[PDB]
$ cat run-v4.pdb   # PDB, C-alpha atoms and all ligand atoms
ATOM      1  CA  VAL A   3      26.046  13.300  15.496  1.00  0.00           C
ATOM      2  CA  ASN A   4      24.860  12.382  11.997  1.00  0.00           C
ATOM      3  CA  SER A   5      24.909  13.984   8.559  1.00  0.00           C
ATOM      4  CA  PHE A   6      21.181  15.007   8.276  1.00  0.00           C
ATOM      5  CA  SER A   7      21.077  18.800   7.611  1.00  0.00           C
ATOM      6  CA  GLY A   8      18.222  21.432   7.687  1.00  0.00           C
ATOM      7  CA  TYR A   9      15.580  19.408   9.543  1.00  0.00           C
ATOM      8  CA  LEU A  10      13.107  20.913  11.957  1.00  0.00           C
ATOM      9  CA  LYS A  11      13.004  18.958  15.231  1.00  0.00           C
ATOM     10  CA  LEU A  12       9.428  17.863  16.094  1.00  0.00           C
ATOM     11  CA  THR A  13      10.152  15.591  19.078  1.00  0.00           C
ATOM     12  CA  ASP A  14      13.097  13.899  20.817  1.00  0.00           C
ATOM     13  CA  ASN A  15      13.357  11.476  17.911  1.00  0.00           C
ATOM     14  CA  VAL A  16      11.374  12.817  14.909  1.00  0.00           C
ATOM     15  CA  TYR A  17      12.748  15.412  12.463  1.00  0.00           C
ATOM     16  CA  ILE A  18      11.118  16.828   9.302  1.00  0.00           C
ATOM     17  CA  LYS A  19      12.242  18.662   6.153  1.00  0.00           C
ATOM     18  CA  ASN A  20      10.947  19.816   2.803  1.00  0.00           C
ATOM     19  CA  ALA A  21      13.075  17.671   0.523  1.00  0.00           C
ATOM     20  CA  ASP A  22      13.000  15.197  -2.332  1.00  0.00           C
ATOM     21  CA  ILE A  23      13.624  11.881  -0.565  1.00  0.00           C
ATOM     22  CA  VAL A  24      15.567  10.800  -3.677  1.00  0.00           C
ATOM     23  CA  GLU A  25      17.975  13.780  -3.625  1.00  0.00           C
ATOM     24  CA  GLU A  26      18.125  13.585   0.172  1.00  0.00           C
ATOM     25  CA  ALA A  27      19.223   9.945  -0.098  1.00  0.00           C
ATOM     26  CA  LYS A  28      21.883  10.502  -2.805  1.00  0.00           C
ATOM     27  CA  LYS A  29      23.521  13.226  -0.703  1.00  0.00           C
ATOM     28  CA  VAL A  30      23.282  11.712   2.725  1.00  0.00           C
ATOM     29  CA  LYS A  31      23.799   7.957   1.766  1.00  0.00           C
ATOM     30  CA  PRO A  32      21.898   7.060   4.937  1.00  0.00           C
ATOM     31  CA  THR A  33      22.152   3.605   6.425  1.00  0.00           C
ATOM     32  CA  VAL A  34      18.413   3.112   5.795  1.00  0.00           C
ATOM     33  CA  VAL A  35      16.048   4.769   3.346  1.00  0.00           C
ATOM     34  CA  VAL A  36      12.380   3.789   3.678  1.00  0.00           C
ATOM     35  CA  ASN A  37      10.370   3.036   0.556  1.00  0.00           C
ATOM     36  CA  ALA A  38       6.600   3.527   0.465  1.00  0.00           C
ATOM     37  CA  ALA A  39       6.107   0.060  -0.987  1.00  0.00           C
ATOM     38  CA  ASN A  40       3.145  -2.073  -1.957  1.00  0.00           C
ATOM     39  CA  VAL A  41       2.858  -5.782  -1.143  1.00  0.00           C
ATOM     40  CA  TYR A  42       4.078  -6.771  -4.626  1.00  0.00           C
ATOM     41  CA  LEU A  43       7.089  -4.440  -4.513  1.00  0.00           C
ATOM     42  CA  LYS A  44       5.859  -2.999  -7.838  1.00  0.00           C
ATOM     43  CA  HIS A  45       7.567   0.385  -7.739  1.00  0.00           C
ATOM     44  CA  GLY A  46       5.470   2.203 -10.318  1.00  0.00           C
ATOM     45  CA  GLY A  47       4.819   5.665  -8.933  1.00  0.00           C
ATOM     46  CA  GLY A  48       4.921   7.944  -5.957  1.00  0.00           C
ATOM     47  CA  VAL A  49       7.964   7.603  -3.731  1.00  0.00           C
ATOM     48  CA  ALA A  50       8.552   4.015  -4.884  1.00  0.00           C
ATOM     49  CA  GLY A  51       8.569   4.914  -8.563  1.00  0.00           C
ATOM     50  CA  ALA A  52      10.984   7.774  -7.887  1.00  0.00           C
ATOM     51  CA  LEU A  53      13.379   5.706  -5.755  1.00  0.00           C
ATOM     52  CA  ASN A  54      13.417   2.871  -8.279  1.00  0.00           C
ATOM     53  CA  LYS A  55      14.051   5.244 -11.197  1.00  0.00           C
ATOM     54  CA  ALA A  56      17.041   6.691  -9.327  1.00  0.00           C
ATOM     55  CA  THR A  57      18.494   3.149  -9.091  1.00  0.00           C
ATOM     56  CA  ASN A  58      18.101   2.667 -12.895  1.00  0.00           C
ATOM     57  CA  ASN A  59      15.550  -0.066 -12.159  1.00  0.00           C
ATOM     58  CA  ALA A  60      17.974  -2.153 -10.068  1.00  0.00           C
ATOM     59  CA  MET A  61      15.582  -1.854  -7.123  1.00  0.00           C
ATOM     60  CA  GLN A  62      12.793  -3.395  -9.236  1.00  0.00           C
ATOM     61  CA  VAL A  63      15.044  -6.227 -10.470  1.00  0.00           C
ATOM     62  CA  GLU A  64      16.050  -7.091  -6.907  1.00  0.00           C
ATOM     63  CA  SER A  65      12.435  -6.781  -5.753  1.00  0.00           C
ATOM     64  CA  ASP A  66      11.097  -9.134  -8.421  1.00  0.00           C
ATOM     65  CA  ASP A  67      13.569 -11.798  -7.314  1.00  0.00           C
ATOM     66  CA  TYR A  68      12.519 -11.225  -3.679  1.00  0.00           C
ATOM     67  CA  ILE A  69       8.825 -11.706  -4.528  1.00  0.00           C
ATOM     68  CA  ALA A  70       9.512 -14.747  -6.709  1.00  0.00           C
ATOM     69  CA  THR A  71      11.205 -16.380  -3.712  1.00  0.00           C
ATOM     70  CA  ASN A  72       9.099 -15.132  -0.797  1.00  0.00           C
ATOM     71  CA  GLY A  73       5.715 -14.038  -2.114  1.00  0.00           C
ATOM     72  CA  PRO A  74       4.062 -10.736  -1.298  1.00  0.00           C
ATOM     73  CA  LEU A  75       4.509  -8.724   1.852  1.00  0.00           C
ATOM     74  CA  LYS A  76       1.679  -8.090   4.314  1.00  0.00           C
ATOM     75  CA  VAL A  77      -0.002  -4.705   4.533  1.00  0.00           C
ATOM     76  CA  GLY A  78       1.725  -3.244   7.588  1.00  0.00           C
ATOM     77  CA  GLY A  79       4.829  -5.357   6.902  1.00  0.00           C
ATOM     78  CA  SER A  80       8.291  -4.732   5.519  1.00  0.00           C
ATOM     79  CA  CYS A  81      11.451  -6.245   4.152  1.00  0.00           C
ATOM     80  CA  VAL A  82      15.064  -5.078   4.078  1.00  0.00           C
ATOM     81  CA  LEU A  83      16.708  -5.033   0.664  1.00  0.00           C
ATOM     82  CA  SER A  84      19.654  -3.208  -0.855  1.00  0.00           C
ATOM     83  CA  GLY A  85      19.748   0.575  -0.899  1.00  0.00           C
ATOM     84  CA  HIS A  86      21.635   0.446  -4.227  1.00  0.00           C
ATOM     85  CA  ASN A  87      23.201   3.857  -5.016  1.00  0.00           C
ATOM     86  CA  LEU A  88      20.920   5.682  -2.539  1.00  0.00           C
ATOM     87  CA  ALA A  89      21.564   4.127   0.905  1.00  0.00           C
ATOM     88  CA  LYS A  90      23.147   1.087   2.486  1.00  0.00           C
ATOM     89  CA  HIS A  91      19.720  -0.551   2.890  1.00  0.00           C
ATOM     90  CA  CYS A  92      16.178   0.100   1.735  1.00  0.00           C
ATOM     91  CA  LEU A  93      13.430  -0.772   4.191  1.00  0.00           C
ATOM     92  CA  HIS A  94      10.372  -1.424   2.008  1.00  0.00           C
ATOM     93  CA  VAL A  95       7.361  -0.691   4.234  1.00  0.00           C
ATOM     94  CA  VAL A  96       3.744  -1.279   3.182  1.00  0.00           C
ATOM     95  CA  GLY A  97       1.365   1.263   4.605  1.00  0.00           C
ATOM     96  CA  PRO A  98      -2.353   0.818   3.947  1.00  0.00           C
ATOM     97  CA  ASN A  99      -3.547   2.263   0.628  1.00  0.00           C
ATOM     98  CA  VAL A 100      -6.829   4.083   1.264  1.00  0.00           C
ATOM     99  CA  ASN A 101      -7.506   4.030  -2.474  1.00  0.00           C
ATOM    100  CA  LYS A 102      -7.656   0.214  -2.115  1.00  0.00           C
ATOM    101  CA  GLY A 103      -9.886   0.272   0.983  1.00  0.00           C
ATOM    102  CA  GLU A 104      -7.211  -0.945   3.397  1.00  0.00           C
ATOM    103  CA  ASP A 105      -7.649  -0.472   7.125  1.00  0.00           C
ATOM    104  CA  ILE A 106      -5.932   2.660   8.357  1.00  0.00           C
ATOM    105  CA  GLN A 107      -5.267   1.148  11.735  1.00  0.00           C
ATOM    106  CA  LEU A 108      -2.564  -0.861   9.893  1.00  0.00           C
ATOM    107  CA  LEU A 109      -0.625   2.400   9.630  1.00  0.00           C
ATOM    108  CA  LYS A 110       0.643   1.963  13.203  1.00  0.00           C
ATOM    109  CA  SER A 111       1.849  -1.560  12.403  1.00  0.00           C
ATOM    110  CA  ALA A 112       3.634  -0.179   9.331  1.00  0.00           C
ATOM    111  CA  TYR A 113       5.495   2.441  11.381  1.00  0.00           C
ATOM    112  CA  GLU A 114       6.487  -0.187  13.987  1.00  0.00           C
ATOM    113  CA  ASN A 115       8.893  -1.574  11.381  1.00  0.00           C
ATOM    114  CA  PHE A 116      10.954   1.601  11.765  1.00  0.00           C
ATOM    115  CA  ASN A 117      11.811   0.646  15.358  1.00  0.00           C
ATOM    116  CA  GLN A 118      14.089  -2.135  14.093  1.00  0.00           C
ATOM    117  CA  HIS A 119      16.500   0.545  12.778  1.00  0.00           C
ATOM    118  CA  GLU A 120      18.368   3.115  14.848  1.00  0.00           C
ATOM    119  CA  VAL A 121      18.223   5.886  12.216  1.00  0.00           C
ATOM    120  CA  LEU A 122      16.133   6.184   9.033  1.00  0.00           C
ATOM    121  CA  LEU A 123      15.363   8.585   6.197  1.00  0.00           C
ATOM    122  CA  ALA A 124      11.705   8.097   5.376  1.00  0.00           C
ATOM    123  CA  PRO A 125       8.579   9.484   3.737  1.00  0.00           C
ATOM    124  CA  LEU A 126       5.276   9.767   5.516  1.00  0.00           C
ATOM    125  CA  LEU A 127       3.697   6.330   5.208  1.00  0.00           C
ATOM    126  CA  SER A 128       0.354   6.065   3.407  1.00  0.00           C
ATOM    127  CA  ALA A 129       0.633   9.721   2.260  1.00  0.00           C
ATOM    128  CA  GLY A 130       0.644  10.855  -1.370  1.00  0.00           C
ATOM    129  CA  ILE A 131      -0.935   8.366  -3.762  1.00  0.00           C
ATOM    130  CA  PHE A 132      -1.700   5.986  -0.874  1.00  0.00           C
ATOM    131  CA  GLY A 133      -4.541   8.344   0.013  1.00  0.00           C
ATOM    132  CA  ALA A 134      -4.206   8.860   3.768  1.00  0.00           C
ATOM    133  CA  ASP A 135      -4.180  12.229   5.514  1.00  0.00           C
ATOM    134  CA  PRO A 136      -0.486  13.176   5.919  1.00  0.00           C
ATOM    135  CA  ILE A 137      -1.263  14.987   9.195  1.00  0.00           C
ATOM    136  CA  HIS A 138      -2.706  11.694  10.690  1.00  0.00           C
ATOM    137  CA  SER A 139       0.301   9.834   9.294  1.00  0.00           C
ATOM    138  CA  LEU A 140       2.658  12.264  11.033  1.00  0.00           C
ATOM    139  CA  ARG A 141       0.773  11.827  14.315  1.00  0.00           C
ATOM    140  CA  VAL A 142       1.006   8.025  14.087  1.00  0.00           C
ATOM    141  CA  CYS A 143       4.704   8.299  13.223  1.00  0.00           C
ATOM    142  CA  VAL A 144       5.445  10.456  16.268  1.00  0.00           C
ATOM    143  CA  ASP A 145       3.362   8.220  18.539  1.00  0.00           C
ATOM    144  CA  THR A 146       4.842   4.939  17.232  1.00  0.00           C
ATOM    145  CA  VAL A 147       8.457   5.359  16.127  1.00  0.00           C
ATOM    146  CA  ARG A 148      10.994   5.502  18.966  1.00  0.00           C
ATOM    147  CA  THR A 149      14.146   5.402  16.831  1.00  0.00           C
ATOM    148  CA  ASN A 150      15.516   8.450  15.036  1.00  0.00           C
ATOM    149  CA  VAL A 151      13.480   9.248  11.948  1.00  0.00           C
ATOM    150  CA  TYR A 152      14.231  11.976   9.401  1.00  0.00           C
ATOM    151  CA  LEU A 153      11.129  12.626   7.345  1.00  0.00           C
ATOM    152  CA  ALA A 154      11.393  14.033   3.828  1.00  0.00           C
ATOM    153  CA  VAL A 155       8.267  15.792   2.552  1.00  0.00           C
ATOM    154  CA  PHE A 156       8.379  16.546  -1.173  1.00  0.00           C
ATOM    155  CA  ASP A 157       5.618  19.156  -1.320  1.00  0.00           C
ATOM    156  CA  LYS A 158       6.546  22.505   0.216  1.00  0.00           C
ATOM    157  CA  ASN A 159       2.886  23.426   0.799  1.00  0.00           C
ATOM    158  CA  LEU A 160       2.023  20.155   2.709  1.00  0.00           C
ATOM    159  CA  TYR A 161       5.256  20.525   4.706  1.00  0.00           C
ATOM    160  CA  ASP A 162       4.192  23.975   5.908  1.00  0.00           C
ATOM    161  CA  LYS A 163       0.860  22.640   6.826  1.00  0.00           C
ATOM    162  CA  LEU A 164       2.216  19.679   8.719  1.00  0.00           C
ATOM    163  CA  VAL A 165       4.542  21.926  10.742  1.00  0.00           C
ATOM    164  CA  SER A 166       1.916  24.582  11.426  1.00  0.00           C
ATOM    165  CA  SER A 167      -0.671  22.019  12.607  1.00  0.00           C
ATOM    166  CA  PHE A 168       1.748  19.840  14.600  1.00  0.00           C
ATOM    167  CA  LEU A 169       0.866  19.461  18.258  1.00  0.00           C
TER
HETATM  168  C1  LIG A 201       9.748  13.787  -6.388  1.00  0.00           C
HETATM  169  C2  LIG A 201       8.722  12.709  -6.145  1.00  0.00           C
HETATM  170  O1  LIG A 201       8.344  12.142  -7.352  1.00  0.00           O
HETATM  171  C3  LIG A 201       9.359  11.607  -5.246  1.00  0.00           C
HETATM  172  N1  LIG A 201       9.913  12.225  -4.033  1.00  0.00           N
HETATM  173  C4  LIG A 201       9.158  12.124  -2.794  1.00  0.00           C
HETATM  174  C5  LIG A 201       7.822  11.771  -2.781  1.00  0.00           C
HETATM  175  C6  LIG A 201       7.132  11.663  -1.585  1.00  0.00           C
HETATM  176  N2  LIG A 201       5.704  11.289  -1.611  1.00  0.00           N
HETATM  177  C7  LIG A 201       5.235  10.573  -0.230  1.00  0.00           C
HETATM  178  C8  LIG A 201       4.245   9.646  -0.668  1.00  0.00           C
HETATM  179  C9  LIG A 201       4.780   8.195  -0.613  1.00  0.00           C
HETATM  180  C10 LIG A 201       3.772   7.896   0.483  1.00  0.00           C
HETATM  181  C11 LIG A 201       3.190   9.301   0.362  1.00  0.00           C
HETATM  182  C12 LIG A 201       3.920   9.968  -2.128  1.00  0.00           C
HETATM  183  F1  LIG A 201       3.610   8.911  -2.855  1.00  0.00           F
HETATM  184  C13 LIG A 201       2.827  10.984  -2.263  1.00  0.00           C
HETATM  185  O2  LIG A 201       2.885  12.110  -1.585  1.00  0.00           O
HETATM  186  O3  LIG A 201       1.845  10.766  -3.066  1.00  0.00           O
HETATM  187  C14 LIG A 201       5.217  10.627  -2.666  1.00  0.00           C
HETATM  188  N3  LIG A 201       7.821  11.946  -0.461  1.00  0.00           N
HETATM  189  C15 LIG A 201       9.127  12.287  -0.503  1.00  0.00           C
HETATM  190  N4  LIG A 201       9.782  12.383  -1.628  1.00  0.00           N
END

$ encode --input "run-v4.pdb" --output "structure tokens"
Amino acid sequence: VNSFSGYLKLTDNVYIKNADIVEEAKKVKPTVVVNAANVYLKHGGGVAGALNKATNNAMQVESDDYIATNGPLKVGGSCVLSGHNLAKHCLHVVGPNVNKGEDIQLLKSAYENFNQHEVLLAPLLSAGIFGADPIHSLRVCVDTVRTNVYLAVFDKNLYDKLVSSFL
């Protein structure tokens, strides 16, 4: 038993809700919140901009030190950093950004990072400003992640569409 409330169950291990991942995180304080990161951990907009703002920019400060030490992530890769006031940990995961021409097949590799964590609160990778089809992203999530994933979908309209088209 865990504290996630109001999710629709899609599969044995994947759950979905219409929620602001930021407000979902502040209430649940999950062990892991997933950020829709880029390789530079520049958290300017989309989910990343919203998460970072909710930490009062502490996420960005920590991220800049991480990059200064380690260099950029790989597309399809991830790193674990602090969850600040939102979660114990933040798993920064880089899905491909279609608006940069990145290969969509890397979306599966991105979701594989979730399997290193028993339970996660997460957005749909490569959705929103990353330019991928959220329905494809949901399919890859279901077909790749084996651990327990609670997906927060900000837009009520897309949420309804994802549920209604889910196979
Ligand atoms: C209130 C909002 O500002 C932040 N709260 C969100 C956003 C979100 N999206 C997902 C997405 C990141 C990968 C696709 C995104 F960038 C996009 O849909 O463009 C933003 N998902 C959950 N909560």

$ closest_residue --input "run-v4.pdb" --among "A:112, A:121, A:129, A:75" --to "ligand LIG 201 (chain A)" --atoms "all atoms listed in the file"
A:129

$ residues_near_ligand --input "run-v4.pdb" --ligand "ligand LIG 201 (chain A)" --cutoff "6 Å" --atoms "all atoms listed in the file" --output "list in words"
residues 22, 23, 24, 38, 48, 49, 52, 125, 126, 127, 128, 129, 130, 131, 132, 154, 155 and 156 of chain A

$ closest_residue --input "run-v4.pdb" --among "A:20, A:159, A:71, A:33" --to "residue A:86" --atoms "only C-alpha atoms"
A:33

$ resolve_selection --input "run-v4.pdb" --expression "the PyMOL selection byres (((chain A and resi 105-107) around 12) and not hetatm)" --output "MDAnalysis selection string"
chainID A and resid 77:78 96:104 108:113 127:129 132:135 138:139 142

$ write_last_selection --input "run-v4.pdb" --atoms "C-alpha atoms" --output "PDB file, keeping the file's coordinate frame"
ATOM      1  CA  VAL A  77      -0.002  -4.705   4.533  1.00  0.00           C
ATOM      2  CA  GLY A  78       1.725  -3.244   7.588  1.00  0.00           C
ATOM      3  CA  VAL A  96       3.744  -1.279   3.182  1.00  0.00           C
ATOM      4  CA  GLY A  97       1.365   1.263   4.605  1.00  0.00           C
ATOM      5  CA  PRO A  98      -2.353   0.818   3.947  1.00  0.00           C
ATOM      6  CA  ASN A  99      -3.547   2.263   0.628  1.00  0.00           C
ATOM      7  CA  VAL A 100      -6.829   4.083   1.264  1.00  0.00           C
ATOM      8  CA  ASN A 101      -7.506   4.030  -2.474  1.00  0.00           C
ATOM      9  CA  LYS A 102      -7.656   0.214  -2.115  1.00  0.00           C
ATOM     10  CA  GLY A 103      -9.886   0.272   0.983  1.00  0.00           C
ATOM     11  CA  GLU A 104      -7.211  -0.945   3.397  1.00  0.00           C
ATOM     12  CA  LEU A 108      -2.564  -0.861   9.893  1.00  0.00           C
ATOM     13  CA  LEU A 109      -0.625   2.400   9.630  1.00  0.00           C
ATOM     14  CA  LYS A 110       0.643   1.963  13.203  1.00  0.00           C
ATOM     15  CA  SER A 111       1.849  -1.560  12.403  1.00  0.00           C
ATOM     16  CA  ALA A 112       3.634  -0.179   9.331  1.00  0.00           C
ATOM     17  CA  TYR A 113       5.495   2.441  11.381  1.00  0.00           C
ATOM     18  CA  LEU A 127       3.697   6.330   5.208  1.00  0.00           C
ATOM     19  CA  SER A 128       0.354   6.065   3.407  1.00  0.00           C
ATOM     20  CA  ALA A 129       0.633   9.721   2.260  1.00  0.00           C
ATOM     21  CA  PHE A 132      -1.700   5.986  -0.874  1.00  0.00           C
ATOM     22  CA  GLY A 133      -4.541   8.344   0.013  1.00  0.00           C
ATOM     23  CA  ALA A 134      -4.206   8.860   3.768  1.00  0.00           C
ATOM     24  CA  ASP A 135      -4.180  12.229   5.514  1.00  0.00           C
ATOM     25  CA  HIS A 138      -2.706  11.694  10.690  1.00  0.00           C
ATOM     26  CA  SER A 139       0.301   9.834   9.294  1.00  0.00           C
ATOM     27  CA  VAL A 142       1.006   8.025  14.087  1.00  0.00           C
TER      28      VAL A 142
END

$ closest_residue --input "run-v4.pdb" --among "A:63, A:169, A:160, A:43" --to "residue A:144" --atoms "all atoms listed in the file"
A:169

$ resolve_selection --input "run-v4.pdb" --expression "the PyMOL selection byres (((chain A and resi 25-27) around 10) and not hetatm)" --output "PyMOL selection string"
chain A and resi 6-7+19-24+28-36+53+56+85+87-89+123-124+154

$ resolve_selection --input "run-v4.pdb" --expression "the PyMOL selection byres (((chain A and resi 147) around 8) and not hetatm)" --output "list in words"
residues 113, 114, 116, 117, 143, 144, 145, 146, 148, 149, 150 and 151 of chain A

$ closest_residue --input "run-v4.pdb" --among "A:93, A:4, A:76, A:17" --to "residue A:152" --atoms "only C-alpha atoms"
A:17

$ atom_distance --input "run-v4.pdb" --atom1 "atom CA of residue A:50" --atom2 "atom CA of residue A:79"
15.5 Å

$ residues_near_point --input "run-v4.pdb" --point "(8.3, -4.7, 6.5)" --cutoff "6 Å" --atoms "all atoms listed in the file" --output "count of residues only"
6

$ axis_aligned_box --input "run-v4.pdb" --around "stretch 76-81 of chain A" --padding-each-side "5 Å" --output "lines of an AutoDock Vina configuration file"
center_x = 5.7
center_y = -5.7
center_z = 5.9
size_x = 21.5
size_y = 14.8
size_z = 13.4

$ atom_distance --input "run-v4.pdb" --atom1 "atom CA of residue A:70" --atom2 "atom CA of residue A:118"
24.8 Å

$ atom_distance --input "run-v4.pdb" --atom1 "atom CA of residue A:153" --atom2 "atom CA of residue A:58"
23.6 Å

$ residues_around --input "run-v4.pdb" --residues "residue A:64" --least-positions-apart "4" --cutoff "9 Å" --atoms "all atoms listed in the file" --output "list in words"
residues 59, 60, 68, 69, 83 and 84 of chain A

$ residues_near_point --input "run-v4.pdb" --point "(0.1, 19.2, 8.7)" --cutoff "9 Å" --atoms "only C-alpha atoms" --output "mmCIF file with C-alpha atoms, keeping the file's coordinate frame"
data_model
loop_
_atom_site.group_PDB
_atom_site.id
_atom_site.type_symbol
_atom_site.label_atom_id
_atom_site.label_comp_id
_atom_site.auth_asym_id
_atom_site.auth_seq_id
_atom_site.Cartn_x
_atom_site.Cartn_y
_atom_site.Cartn_z
ATOM 1 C CA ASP A 135 -4.180 12.229 5.514
ATOM 2 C CA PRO A 136 -0.486 13.176 5.919
ATOM 3 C CA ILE A 137 -1.263 14.987 9.195
ATOM 4 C CA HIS A 138 -2.706 11.694 10.690
ATOM 5 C CA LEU A 140 2.658 12.264 11.033
ATOM 6 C CA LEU A 160 2.023 20.155 2.709
ATOM 7 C CA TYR A 161 5.256 20.525 4.706
ATOM 8 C CA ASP A 162 4.192 23.975 5.908
ATOM 9 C CA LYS A 163 0.860 22.640 6.826
ATOM 10 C CA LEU A 164 2.216 19.679 8.719
ATOM 11 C CA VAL A 165 4.542 21.926 10.742
ATOM 12 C CA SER A 166 1.916 24.582 11.426
ATOM 13 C CA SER A 167 -0.671 22.019 12.607
ATOM 14 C CA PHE A 168 1.748 19.840 14.600
#

$ closest_residue --input "run-v4.pdb" --among "A:47, A:157, A:65, A:91" --to "residue A:119" --atoms "all atoms listed in the file"
A:91
